[PDB]
Amino acid sequence: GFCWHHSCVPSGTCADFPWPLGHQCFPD
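The letter at position 19 of the sequence shown is residue 19 when you use the entry's author numbering, and the numbering goes up by one with no holes.
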């Protein structure tokens with residue numbers, strides 16, 4: 001999970017990559 005200033009991305013970050021990675025969705 002990460003927050004820059006106001007925009008805080010909750011833990012469980014889904015980053016979309018080409019397949020078969022795709023939307024990874026990992027604990028961060």
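Built from N, CA and C at the ideal position, the CB exists for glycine as well.
Taken atom to atom, the span from the alpha-carbon of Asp28 to that of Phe17 is near 16 Å. Secondary structure of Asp16 (DSSP, three-state): strand. Excluding residues up to 5 positions away in sequence, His23, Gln24 and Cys25 lie with their Cβ nearer than 7 Å to the Cβ of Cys14 in the same chain. Sequence-distant partners of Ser11 (beyond 5 residues in either direction) whose C-beta falls short of 7 Å from its own C-beta, in its chain, are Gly1, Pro27 and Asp28.
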